[PDB]
Amino acid sequence: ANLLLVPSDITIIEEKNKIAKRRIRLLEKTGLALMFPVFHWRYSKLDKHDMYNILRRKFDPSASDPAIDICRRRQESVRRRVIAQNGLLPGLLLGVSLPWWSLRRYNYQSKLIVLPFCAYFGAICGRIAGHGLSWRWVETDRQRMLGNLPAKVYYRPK
Amino acid sequence: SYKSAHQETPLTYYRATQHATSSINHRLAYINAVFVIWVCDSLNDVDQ
Amino acid sequence: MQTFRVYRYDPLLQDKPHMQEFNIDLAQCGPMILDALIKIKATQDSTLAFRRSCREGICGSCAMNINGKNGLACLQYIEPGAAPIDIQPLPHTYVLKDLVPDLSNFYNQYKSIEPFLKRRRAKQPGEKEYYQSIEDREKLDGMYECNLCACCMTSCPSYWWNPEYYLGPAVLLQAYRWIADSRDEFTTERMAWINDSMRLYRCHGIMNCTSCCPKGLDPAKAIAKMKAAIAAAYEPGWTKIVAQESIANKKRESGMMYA
Amino acid sequence: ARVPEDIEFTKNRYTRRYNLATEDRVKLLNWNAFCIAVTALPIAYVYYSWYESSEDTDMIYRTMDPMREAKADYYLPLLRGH
Amino acid sequence: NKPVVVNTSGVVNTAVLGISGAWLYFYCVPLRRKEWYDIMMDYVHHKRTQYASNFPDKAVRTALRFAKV
Amino acid sequence: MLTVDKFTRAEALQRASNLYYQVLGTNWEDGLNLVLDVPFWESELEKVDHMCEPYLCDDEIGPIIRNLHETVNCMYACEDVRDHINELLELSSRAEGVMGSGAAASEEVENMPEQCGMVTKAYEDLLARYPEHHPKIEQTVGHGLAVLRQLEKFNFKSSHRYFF
Amino acid sequence: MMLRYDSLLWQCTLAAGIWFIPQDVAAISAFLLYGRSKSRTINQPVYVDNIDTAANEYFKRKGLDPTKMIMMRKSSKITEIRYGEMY
Ligand SMILES: CCCCCCCCCCCCCCCCCC(=O)OC[C@H](COP(=O)([O-])OCC(O)COP(=O)([O-])OC[C@@H](COC(=O)CCCCCCCCCCCCCCCCC)OC(=O)CCCCCCCCCCCCCCCCC)OC(=O)CCCCCCCCCCCCCCCCC
Ligand SMILES: CCCCCCCCCCCCCCCCCC(=O)OC[C@H](COP(=O)([O-])OCC(O)COP(=O)([O-])OC[C@@H](COC(=O)CCCCCCCCCCCCCCCCC)OC(=O)CCCCCCCCCCCCCCCCC)OC(=O)CCCCCCCCCCCCCCCCC
Ligand SMILES: CCCCCCCCCCCCCCCCCC(=O)OC[C@H](COP(=O)([O-])OCC(O)COP(=O)([O-])OC[C@@H](COC(=O)CCCCCCCCCCCCCCCCC)OC(=O)CCCCCCCCCCCCCCCCC)OC(=O)CCCCCCCCCCCCCCCCC
Ligand SMILES: CCCCCCCCCCCCCCCCCC(=O)OC[C@H](COP(=O)([O-])OCC[N+](C)(C)C)OC(=O)CCCCCCCCCCCCCCCCC
Ligand SMILES: CCCCCCCCCCCCCCCCCC(=O)OC[C@H](COP(=O)([O-])OCC[N+](C)(C)C)OC(=O)CCCCCCCCCCCCCCCCC
Ligand SMILES: COC1=C(OC)C(=O)C(C/C=C(\C)CC/C=C(\C)CC/C=C(\C)CC/C=C(\C)CC/C=C(\C)CC/C=C(\C)CC/C=C(\C)CCC=C(C)C)=C(C)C1=O
Ligand SMILES: CCCCCCCC/C=C\CCCCCCCC(=O)OC[C@H](COP(=O)(O)OCCN)OC(=O)CCCCCCC/C=C\CCCCCCCC
Ligand SMILES: CCCCCCCC/C=C\CCCCCCCC(=O)O[C@H](COC(=O)CCCCCCC/C=C/CCCCCCCC)COP(=O)(O)OCCN
Ligand code: SF4
Ligand code: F3S
Ligand code: FES
Ligand SMILES: [K+]
């Protein structure tokens with residue numbers, strides 16, 4: 001048999017209610033660039049491309065339509081996710097450079113033992129800082145769910 | 001005029017023992033745990 | 001016609017050490033490895049150098065690495081086979097010549113623990129041997145038999161990495177022998193000195209020491225007991241005890257000692 | 001290489017040469033300085049994190065339980081699943 | 001199905017002890033918890049020199065020279 | 001020192017004596033012991049000097065202060081010399097290569113005998129300068145020379161007492 | 001160098017591989033299983049006999065004009081529909 005991929009219902013609403021293009025802020029551009037690629041063995045998660053489309057559309061701030069309100073809430077959730085990605089790179093670089101300078105005079109074995117762990121720990125610290133500064137720790141479960149709704153869904157006949 | 005030589009690392013030739021190998025596994029338990037967490041973290045980000 | 005490969009190094013030439021293969025007829029040679037080495041030296045290449053004295057296994061001068069496992073050549077048996085027998089000096093030691101190792105550091109470490117009975121009161125006049133029951137004397141059975149061959153010393157990976165900071169299985173075994181001895185009255189001083197991260201706690205329980213001991217002693221067992229005793233008996237004042245003993249050694253000559 | 005042959009070794013506590021032992025002590029201070037700074041992350045997470053289903057939670061307490069005393073009739077199947 | 005009150009102190013306290021105990025154990029009791037101290041002592045301690053070239057010093061030195069300090 | 005704390009002479013004697021034995025009883029050979037503890041010794045030593053200042057002529061506290069200061073002088077001096085020896089040993093180890101095979105062997109020390117001559121001269125200076133700390137000097141510097149003696153054949157007065 | 005199969009280096013590697021690989025694969029598989037459990041609930045693959053009939057039905061239900069929707073075949077068994085006029 002065959003599988004059909006179509007835009008999700010929430011994607012349809014966003015297209016219908018968009019009024020213009022939305023400028024992509026500097027941190028949003030860097031965040032999208034630094035986001036890892038997401039191979040799709042199956043479709044269940046938003047990738048960097050889907051997030052770009054969400055951030056590109058512009059909605060009316062004053063619109064009281066419940067559907068438009070959901071679109072704005074989804075966009076804000078995605079924005080916080082994207083800008084949070086900027087924290088990964090600084091942590092990784094500091095996680096490697098700082099220990100490496102500290103152990104510069106020591107033998108090669110020490111650098112092999114210590115740097116890999118410090119690199120991962122630095123990245124972890126960067127990701128925590130990025131997500132914390134992006135207001136992700138205060139999002140309600142509702143906002144988080146909207147930001148994670150898939151953009152593409154397998155079509156279900158009938 | 002005379003100098004003494006220094007042998008290579010014994011790891012390449014010294015005979016192994018069952019207890020010696022197990023001790024290494026005991027010391028590497030945490031290293032493996034970190035490795036697995038990293039693999040799962042990567043998969044959660046790059047797969048599906 | 002067994003084939004013997006022997007580690008060779010000329011201190012004067014200082015060339016890269018290499019393995020040289022000799023062919024010996026086991027029919028005209030003694031069962032033990034040391035006999036093969038002597039026959040090689042006597043007949044084929046007299047330049048070969050190695051330490052040997054006892055032939056009984058008691059002295060411990062002929063420690064070598066045969067087929068990757070340390071042992072005494074005089075007690076080791078020749079195992080004929082197609083695969084050549086490889087003979088090398090003790091692992092991670094500075095070779096003075098051919099198979100003769102440089103064990104000066106081992107001797108220095110042994111002298112550090114001060115392996116002589118210490119008592120607070122000198123032998124009073126008219127006093128005979130110190131009292132010691134059979135039960136107490138039995139505690140030393142597995143520890144006073146060490147021949148100081150250093151097979152265990154060079155089989156411990158922790159000794160490979162930190163030879164100049166880690167006392168090693170042999171020296172730690174002897175340290176506990178004096179601690180366990182009932183006649184000795186400086187038990188706390190000895191435990192305080194040995195209670196060091198480098199000296200004692202580099203032992204990771206690998207057990208390569210007990211496996212290769214020619215005399216069948218159990219350095220790993222003794223090292224484990226010493227750790228348990230130290231942990232239970234530690235007091236805040238041990239550091240001061242070490243210092244006071246160091247002051248008592250102020251007028252000693254140069255060399256390793258309690259300090 | 002050729003190590004310098006005119007090193008002025010330390011003579012006492014007030015006439016000291018700079019050696020790797022002193023540099024290691026500086027490492028100890030810096031690594032411990034990092035531990036103080038990195039403690040802000042876990043503390044920040046606990047102080048700032050919130051766990052709420054939606055914005056209705058606050059509205060419910062404001063209108064139906066302002067004093068955190070109003071008892072509610074319990075119906076076990078709701079949160080018990082069955 | 002409609003109790004007047006629900007007893008939660010017992011269940012909550014049990015969870016607190018189980019979660020707290022496991023975390024405090026892993027972080028306090030085991031000797032394995034000092035594995036990183038051992039590895040550093042075995043392979044990293046006192047294995048340092050100032051008379052051997054290393055990339056971090058070379059990189060800093062070249063940049064300073066390039067910018068004339 | 002800037003402090004408002006006050007101590008009696010009995011307390012000052014106890015603090016000075018405790019620090020003196022803590023330093024002397026510590027194993028100076030292990031580099032990490034000095035790295036970890038020296039920061040604590042200096043902080044205490046500053047306090048001890050401040051409180052023991054009026055007792056520098058005291059018949060009990062006075063001698064303790066002199067020994068404490070002398071011991072700290074010897075600790076720094078021995079550490080500096082042994083620190084240099086460790087560098088020489090580390091250079092020799094790296095010159096062996098990977099797995100001691102020479103796979104990526106570095107450049108050897110071309111003036112090893114000169115360094116041995118320099119280190120032994122410093123070792124002799126410590127013995128003359130600190131006649132009451134020979135046990136500690138032999139522990140750190142004397143043992144270090146013995147390790148070097150394995151790498152290079154050089155002569156020092158106490159060589160025979162280290163089985164060389 | 002002198003290399004032997006019964007060496008500590010080689011034997012340790014085999015011991016480590018036997019001890020850890022079975023654990024790691026199980027642990028990784030368990031995490032993959034958890035991801036699959038959430039994935040199927042959020043978006044389960046559904047198979048359609050004919051793409052054209054399904055695509056027409058999709059446009060009718062959502063009130064989308066087929067002209068402005070671009071249909072492409074990513075793979076043999078995968079067909080994706082996208083908005084033609086998308087920023
Ligand atoms: C626009 C662009 C341009 C402008 C930019 C902005 C400018 C702003 C200016 C004003 C602000 C300045 C900010 C402070 C910076 C000051 C830095 C400083 O002073 O450094 C001193 C320091 C020297 O001092 P030292 O103590 O002697 O150190 C010796 C060495 O550093 C040896 O060091 P080591 O070997 O011991 O290793 C060091 C390392 C040791 O550690 C490590 O290596 C390991 C690190 C940990 C392991 C894990 C790694 C993971 C890393 C994670 C990173 C974070 C991730 C999360 C964040 C992500 C991003 C969101 O230390 C650390 O990593 C410790 C870090 C401690 C962090 C403390 C944070 C404080 C937070 C305060 C609170 C917040 C603010 C207040 C508000 C509070 C509100 C509640 O200099 C260096 O570090 C330089 C090293 C490189 C040398 C070359 C450069 C210097 C020039 C040398 C020339 C020599 C020439 C000689 C010539 C001789 C012949 C003529
Ligand atoms: C009672 C027992 C208790 C025990 C407790 C012990 C706890 C230990 C905890 C250790 C830390 C683990 C933290 C994991 C956090 C992640 C999971 C998570 O939070 O998920 C939810 C959530 C993430 O899920 P999500 O919401 O779906 O968002 C998606 C991600 O954010 C998307 O993430 P992302 O996009 O932001 O970043 C993805 C991430 C993941 O990384 C990747 O994606 C990597 C991808 C790699 C691709 C490579 C491609 C190569 C291609 C080669 C091609 C070859 C071709 C050959 C061809 C041959 C042909 C013949 O990337 C990185 O991390 C950076 C890159 C990797 C850097 C490190 C590389 C070196 C690895 C070193 C390994 C060390 C072990 C050595 C083993 C040795 C074995 C012998 O987390 C967050 O949002 C926050 C993340 C940060 C949380 C950190 C929490 C830290 C907790 C620390 C507690 C410490 C306690 C222990 C005591 C105290 C110690 C100081
Ligand atoms: C995955 C992400 C994370 C990866 C790792 C990231 C690494 C960066 C961490 C940054 C945080 C701070 C790091 C330590 C700061 C410095 C502390 C310090 O100096 O204290 C004195 C320090 C000992 O301090 P201590 O706190 O009294 O002793 C800790 C004891 O564990 C006694 O501890 P306790 O009794 O207080 O008990 C609490 C214990 C509790 O410990 C734990 O909770 C368990 C952790 C066990 C270790 C796990 C990792 C094992 C990795 C081994 C190394 C890799 C081997 C190679 C493998 C790859 C081969 C390709 O806490 C610790 O062990 C310390 C925690 C912080 C550092 C270790 C973080 C491990 C994170 C593990 C996350 C994954 C957990 C999975 C669990 C799975 C469960 C089934 O001694 C030394 O520095 C010795 C140095 C010897 C070499 C000479 C070096 C030069 C000396 C000059 C000064 C240099 C200072 C810097 C040293 C490090 C240079 C690289
Ligand atoms: C004498 C012994 C001294 C021992 C000292 C031990 C110190 C231990 C330090 C642990 C720090 C743990 C910090 C966790 C992070 C908390 C951040 C946070 O949100 O805090 C605010 C919040 C405030 O809660 P809240 O309800 O207002 O909400 C804040 C916002 N949310 C809900 C999102 C978190 O909670 C706390 O205050 C946390 C508890 C802090 C306890 C810290 C340790 C107390 C040690 C007391 C020592 C008693 C001495 C006894 C002798 C007295 C003699 C006079
Ligand atoms: C003086 C005496 C004192 C005695 C103190 C005794 C302390 C020990 C007691 C154990 C307490 C355990 C508490 C676990 C937390 C509560 C359970 C929980 O949150 O799950 C429900 C939650 C609730 O999920 P939920 O949201 O679906 O719940 C709603 C339920 N329905 C749908 C039916 C309505 O379950 C989950 O989230 C699923 C995952 C559960 C993960 C369980 C973790 C177990 C931790 C094991 C640690 C083992 C460490 C040691 C290992 C050694 C190995 C050799
Ligand atoms: C230096 O000596 C040593 C000590 O001091 C004595 C130690 O204490 C210790 C103990 C220290 C520890 C246990 C600390 C931890 C140590 C670890 C983790 C190991 C560190 C050492 C290493 C990682 C080894 C360094 C890296 C290597 C040797 C590289 C390994 C890879 C190799 C050799 C493959 C390279 C092969 C090639 C380039 C050949 C290429 C082939 C071709 C081009 C053929 C092409 C063919 C066709 C047909 C086209 C060790 C291990 C040691 O080696
Ligand atoms: C058969 C033998 C098995 C033995 C092994 C047992 C392992 C048991 C499981 C792992 C125990 C270690 C702690 C696991 C914590 C997992 C917490 C968790 O469920 O995270 C989600 C949870 C709930 O989120 P909700 O908003 O309600 O739902 C949103 C959907 N996720 O999120 C959080 O609160 C995450 C907090 C992350 C903090 C990270 C830092 C933690 C540092 C302390 C580590 C403690 C480890 C040990 C604790 C004891 C474990 C028994
Ligand atoms: C030592 C090497 C350093 C290398 C550079 C590292 C830079 C790191 C920056 C990237 C990582 C940061 C975390 C990831 C981003 C989180 C998300 C985010 O954008 O956070 C902001 C909030 O987070 C922050 O603002 C984080 C700021 C981090 C920097 C704090 C320091 C600021 C002062 C810098 C002084 C620089 C001096 C330069 C001197 C020049 C002299 C010539 C979210 O708020 P918004 O809703 O977007 O809008 C907020 C305002 N309406
Ligand atoms: S314990 Fe055995 S192998 Fe080690 S020195 Fe003593 S007799 Fe020799
Ligand atoms: S082999 Fe070594 S690690 Fe201990 S158990 Fe024996 S002395
Ligand atoms: S010659 Fe002495 S033990 Fe063999
Ligand atoms: K006794």
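Numbered from 1 within each chain, the chains take letters A, B, ... in sequence-line order. Keep in mind that the numbers below use all heavy atoms, side chains included, and drop hydrogens, waters and symmetry copies.
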Requested in this report: For the residue pair C:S104 and C:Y94, establish whether any side-chain heavy-atom pair is separated by less than 4.5 Å.
Outcome: no
Query raised in the report: Which pair of non-hydrogen atoms, one from C:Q109 and one from C:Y166, has the smallest distance, and what is that distance?
Result: OE1-O, 3.4 Å
Report task. Answer yes or no: does atom CH2 of G:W19 have more than 12 heavy-atom neighbours from other residues, nucleotides or ligands under 6.0 Å? Result -> no
Query - Atom of F:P135, atom of C:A259 and distance for their closest heavy-atom approach - result: O-CB, 3.4 Å
Query - Residue pair G:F20 / B:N25: nearest heavy atoms and the distance that separates them - result: CZ-O, 3.6 Å
Report task. Decide yes or no on side-chain hydrogen bond (donor to acceptor under 3.5 Å, both in side chains) for F:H143 and C:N105, but give the supporting numbers first. Result -> CA-CA 9 Å; F:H143 189 239; C:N105 180 260; 3.2 Å; yes
Query raised in the report: Can you list the steps and then say if C:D218 with C:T210 is a side-chain hydrogen bond (donor to acceptor under 3.5 Å, both in side chains)?
Result: CA-CA 5 Å; C:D218 204 316; C:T210 299; 3.0 Å; yes
Report task. Mark yes or no: F:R82 above the aromatic ring of F:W28, with NZ or CZ under 6.0 Å from the six-membered ring centre and no more than 45 degrees from the axis. Result -> no
**Report entry** Crowding at NZ, C:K123 (>12 non-hydrogen neighbours, <6.0 Å)
**Finding:** yes
**Report entry** Residue among C:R177, C:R190, C:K139, C:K118 satisfying salt bridge (charged side-chain N to carboxylate O under 4.0 Å, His left out) with C:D184
**Finding:** C:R190
Report task. Any pair with a residue in residues 216-236 of chain C that passes ring-ring contact (aromatic ring centres under 6.0 Å, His included), sequence neighbours left out, goes on the list, sorted by first then second residue, please. Result -> C:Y234-C:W238
Query raised in the report: Under 3.5 Å, is there a donor-acceptor pair between the side chain of F:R149 and the main chain of F:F164?
Result: no
Query - Over 12 foreign heavy atoms within 6.0 Å of CD, C:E135 - result: no
Query - Salt-bridge criterion met for C:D196 and C:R202 (N-O under 4.0 Å) - result: no
Report task. Keeping the roles fixed (side chain from C:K227, backbone from C:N195), state whether a donor-acceptor pair exists under 3.5 Å. Result -> no
**Report entry** Any side-chain heavy-atom pair of C:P89 and C:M64 under 4.5 Å
**Finding:** no
**Report entry** Short side-chain to backbone donor-acceptor contact, C:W193 and C:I113, under 3.5 Å
**Finding:** no
Query raised in the report: Is the number of heavy atoms from other residues, nucleotides or ligands under 6.0 Å of B:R27 CZ greater than 12?
Result: yes
Query raised in the report: Does NZ or CZ of C:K240 lie under 6.0 Å from the centre of the six-membered ring of F:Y21, at an angle within 45° of the ring axis?
Result: yes
Report task. Using modelled atom types only, decide if a donor and an acceptor are shared between the side chain of C:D136 and the backbone of C:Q132 within a distance under 3.5 Å. Result -> no
Query raised in the report: Is it true that atom CZ of C:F116 has more than 12 heavy atoms of other residues, nucleotides or ligands lying nearer than 6.0 Å?
Result: yes
**Report entry** Donor-acceptor contact present, side-chain B:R15 to main-chain G:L8, <3.5 Å
**Finding:** no
Query raised in the report: Just by modelled atom types, is the A:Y106 backbone N or O under 3.5 Å from a matching donor or acceptor in the A:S110 side chain?
Result: no
Query raised in the report: How long is the gap from CG on G:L3 to CE on F:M99, to the nearest 0.5 Å?
Result: 11.0 Å
Report task. For residues C:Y159 and C:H92, establish whether the separation of their ring centroids is below 6.0 Å. Result -> no
Requested in this report: First locate atom OG of B:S23, then atom CD1 of C:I206, and finally report the distance between them rounded to the nearest 0.5 Å.
Outcome: 5.0 Å
Query raised in the report: Looking at CG of C:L167 and CG of C:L173, how far apart are the two atoms once the value is rounded to the nearest 0.5 Å?
Result: 12.0 Å
**Report entry** Main-chain N/O of C:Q124 paired to C:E127 side chain as donor or acceptor, under 3.5 Å
**Finding:** yes
Report task. Measure the spacing between CD of F:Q139 and CD of F:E29 and express it to the nearest 0.5 Å. Result -> 5.5 Å
Report task. For the pair F:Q150 and B:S4, evaluate side-chain hydrogen bond (donor to acceptor under 3.5 Å, both in side chains) and give the outcome as yes or no after the intermediate values. Result -> CA-CA 7 Å; F:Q150 295 177 336; B:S4 306; over 6 Å; no
Report task. Apply side-chain hydrogen bond (donor to acceptor under 3.5 Å, both in side chains) to F:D37 and F:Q22, showing your working. Result -> CA-CA 10 Å; F:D37 294 358; F:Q22 182 68 32; 4.9 Å; no
Query raised in the report: Hey, are C:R120 and C:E185 close enough for a salt bridge, meaning a charged N less than 4.0 Å from a carboxylate O?
Result: no
**Report entry** C:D86 vs C:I66 side-chain heavy atoms within contact, under 4.5 Å
**Finding:** no
Query raised in the report: Quick one: do C:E129 and C:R183 make a salt bridge, cutoff under 4.0 Å?
Result: no
Requested in this report: Report the residues that fulfil side chain to side chain contact (heavy atoms under 4.5 Å, CB included) with F:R15, sequence neighbours left out, ordered by chain and then residue number.
Outcome: F:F7, F:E44, F:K47, F:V48, F:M51
Query raised in the report: With a 4.5 Å heavy-atom cut-off, do C:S158 and C:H204 have their side chains touching?
Result: yes
Query raised in the report: Is the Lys NZ or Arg CZ of E:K47 less than 6.0 Å from the centre of A:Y108's six-membered ring, within 45° of the axis?
Result: no
Query raised in the report: When you look at CZ of C:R55, are more than 12 heavy atoms from neighbouring residues, nucleotides or ligands closer to it than 6.0 Å?
Result: no
Query raised in the report: With under 30° as parallel and over 60° as perpendicular, where do the rings of F:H133 and F:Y130 fit, or are they tilted in between?
Result: perpendicular
Report summary line: Rounding to 0.5 Å, atoms CG (C:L99) and CZ (C:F50) come to a distance of 8.0 Å
Query - 4.5 Å side-chain heavy-atom contact, B:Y13 and G:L9 - result: no
Requested in this report: Decide, yes or no, whether a salt bridge links E:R48 with D:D24 under the criterion of side-chain N to carboxylate O below 4.0 Å.
Outcome: yes
Query raised in the report: Looking only at heavy atoms, what is the nearest atom pair of C:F106 and C:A170, with distance?
Result: CE1-CB, 3.8 Å
**Report entry** G:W10 CH2: over 12 foreign heavy atoms closer than 6.0 Å
**Finding:** no
Query - Side-chain heavy-atom pair C:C59, C:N147 within 4.5 angstrom cut-off - result: no
Report task. Can you measure from CG (C:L200) to CE (C:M191) and round to the nearest 0.5 angstrom? Result -> 11.0 Å
Query raised in the report: Between C:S112 and C:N108, is there a donor-acceptor pair closer than 3.5 Å when you use the side chain of the first and the backbone of the second?
Result: yes
Query - Nearest non-hydrogen partners of E:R33 and E:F26, listed with the distance - result: CB-O, 4.0 Å
Query raised in the report: Pick from F:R161, F:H134, F:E138: which one makes a side chain to side chain donor-acceptor pair (under 3.5 Å) with C:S254?
Result: F:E138
Query - Backbone N/O of F:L24 and side chain of F:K136: donor-acceptor pair under 3.5 Å - result: yes
Query raised in the report: Taking all atoms of both residues into account, what is the closest heavy-atom pair of G:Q11 and B:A16, and its distance?
Result: CB-CB, 3.5 Å
Query raised in the report: Would you say F:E96 and B:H6 make side-chain contact, with heavy atoms under 4.5 Å?
Result: yes
Query - Residue pair C:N208 / B:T17, side-chain heavy-atom distance below 4.5 Å - result: yes
Query - Parallel, tilted or perpendicular: ring planes of E:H45 versus C:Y165, cut at 30 and 60 degrees - result: tilted
Query - Side-chain (B:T12) to main-chain (B:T9) donor-acceptor, under 3.5 angstrom - result: yes
